[PDB]
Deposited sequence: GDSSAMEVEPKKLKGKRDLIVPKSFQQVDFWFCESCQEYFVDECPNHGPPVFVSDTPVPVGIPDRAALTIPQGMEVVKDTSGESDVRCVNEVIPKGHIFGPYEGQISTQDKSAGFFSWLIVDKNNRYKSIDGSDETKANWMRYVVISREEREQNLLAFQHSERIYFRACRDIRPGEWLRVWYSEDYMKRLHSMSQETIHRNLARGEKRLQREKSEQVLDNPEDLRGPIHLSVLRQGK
């Protein structure tokens, strides 16, 4: 697996020759199995906004999230067969990562998937059989997170 530099629109081994290594943002540590575990894992600088209708949305708060920042991995149940992400395993077979159980998943389950290219600020991709989201532009405080599939990820899933 090779990381993609959003700034250069090129791939690299482990360190971009012009921007350096990938920058990863850690989830807030929360023990698995506890109530509302997923929402509590939200990194500092982000907020899970739950409404009275039971729906959730996620926003940047406090400081800009720079383009290229990586979030994840997406957590949940992994199996061969509303919150399901496909991965292509080492044996060229599909596996599904399911964030349905809020006690086992992480905050990324609440990220809204949007096909509107104007609002997208995250791109989903696979690295080492896990799903990550990378900021495809700077995300300013108050901006809602909106994810779509990276081109490489869509090309990978067609196999």
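The chain's deposited sequence has unresolved stretches at 1-28, 110-114, 193-237, with no C-alpha coordinates there.
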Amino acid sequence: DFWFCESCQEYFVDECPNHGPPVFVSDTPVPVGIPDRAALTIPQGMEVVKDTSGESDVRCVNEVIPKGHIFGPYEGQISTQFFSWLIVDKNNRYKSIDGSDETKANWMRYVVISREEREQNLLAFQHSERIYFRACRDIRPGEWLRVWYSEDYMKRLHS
From here on, numbers count along this sequence of modelled residues.
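The stretch 86-94 shows the higher mean C-alpha B-factor when 86-94 is compared against 47-55 in the entry. Of the two segments, 131-139 and 6-14, the one listed with the higher mean B-factor is 6-14 (C-alpha atoms only). In this entry, the residue among 35, 99, 68, 29 with the greatest C-alpha B factor is 35. Sort the modelled residues of the chain by CA B factor and residue 109 lands in the lowest third.
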